[PDB]
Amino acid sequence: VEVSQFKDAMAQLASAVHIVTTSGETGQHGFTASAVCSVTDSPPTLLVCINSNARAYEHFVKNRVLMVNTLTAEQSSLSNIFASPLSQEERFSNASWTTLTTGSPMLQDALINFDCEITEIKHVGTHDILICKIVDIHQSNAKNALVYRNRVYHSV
């Protein structure tokens, strides 16, 4: 199918919004993602799709850990910031961060935080699939989720 048609069809597919981070000597690194889903509960595992040409990519390959920080309805600016060509220092300055187990930065006031080991990497052309065993979780209660659909944000 044509790429434009696929992009317009994908614009219809509602998705949760996450900021996926990792830790480095280069310091903190992260990116906004929608292509995240659970895989299995034996053991709890999720996947994250990543552009293998992105600035982000080799930090994830090198470290082999990541945090999935699922965003609340109040964090749409942060979503945009982590999707845009800003330095990591500027990006991270816009929220508060800690760590769980891996050292990957945990976003404070997030909807959910899944700290993961990148167990394996599969190549799918311009993107890779990161298979991620979950090793620590923090969850919120009574918060609303950020959702992206029709190229705008929503509260669910």
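Each residue number is its position in the shown sequence, starting from 1.
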Quiz item: Looking at the entry, does 84-92 or 97-105 show the higher mean C-alpha B-factor?
Solution: 84-92
Quiz item: If you average the Cα B factors in the entry, which is higher, 58-66 or 26-34?
Solution: 26-34
Quiz item: Hey, out of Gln139, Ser15, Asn144, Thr21, whose CA B-factor is highest in the deposited coordinates?
Solution: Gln139
Practice problem: Pick out which of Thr45, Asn53, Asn113, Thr119 has the highest C-alpha B-factor in the PDB entry. | Solution: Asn53
Self-check item: Third of the chain's Cα B-factor distribution that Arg149 belongs to, per the entry
Solution: lowest
